[PDB]
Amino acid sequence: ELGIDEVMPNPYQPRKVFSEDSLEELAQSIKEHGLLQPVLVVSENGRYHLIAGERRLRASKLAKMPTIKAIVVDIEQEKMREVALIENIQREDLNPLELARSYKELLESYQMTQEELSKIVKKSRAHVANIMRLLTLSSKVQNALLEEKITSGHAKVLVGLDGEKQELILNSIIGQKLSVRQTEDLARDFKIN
């Protein structure tokens, strides 16, 4: 139960090659263990609900002669983080981009998909999707949004276009007084066919 959550964020291998990479210690692993990833325990890595790793025919019977049994926990920063981030995620007073940040933060730091994210914050999942594509825009565009010269609808049409295109269409959107509808049409003929 510990590992399926350990592996959870961003490894290139489904098992994190961190318990088996002990390989042969070669008097070389107790030297650079040093500042390691902040939380681990010996053969099996009880997270917050401490537990035991399953078979370990090999991994627990090599052991080593000089051990660090040190009980150290890191988790609390991360879980206090999670409550802080979710508690943030639902806020009346949030500009589109900060929100999008917290969405992206949760989606990346932890694995639970944007669908559930959307269940928490009570919106559709294509919404969390679009609020988050808001982050990739030009800085003229983000400035415009924050400045409320344009609105998330407009900005959400602009994503995927080079900065030059973005800033032309943005220049049109403002001072042609465009509507999200007109904006989607105007943008439409600048995307591929």
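Numbers follow the displayed sequence, beginning with 1.
Stretch comparison (38-46 versus 120-128) by mean CA B-factor in the PDB entry places 38-46 on top. Remark: stretch with higher mean C-alpha B factor among 29-37 and 150-158 is 29-37. For the set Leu168, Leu145, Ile68, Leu134, the maximum C-alpha B-factor listed in the entry falls on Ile68. When the Cα B-factors of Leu94, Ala100, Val83, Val73 are read from the PDB record, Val73 comes out highest. Placement of the Cα temperature factor of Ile192 within the chain: middle third of the modelled residues, per the deposited record. Compared with the other modelled residues of the chain, the Cα B-factor recorded for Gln13 ranks in the highest third. In the PDB entry, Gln176 places in the lowest third of its chain by CA B-factor.
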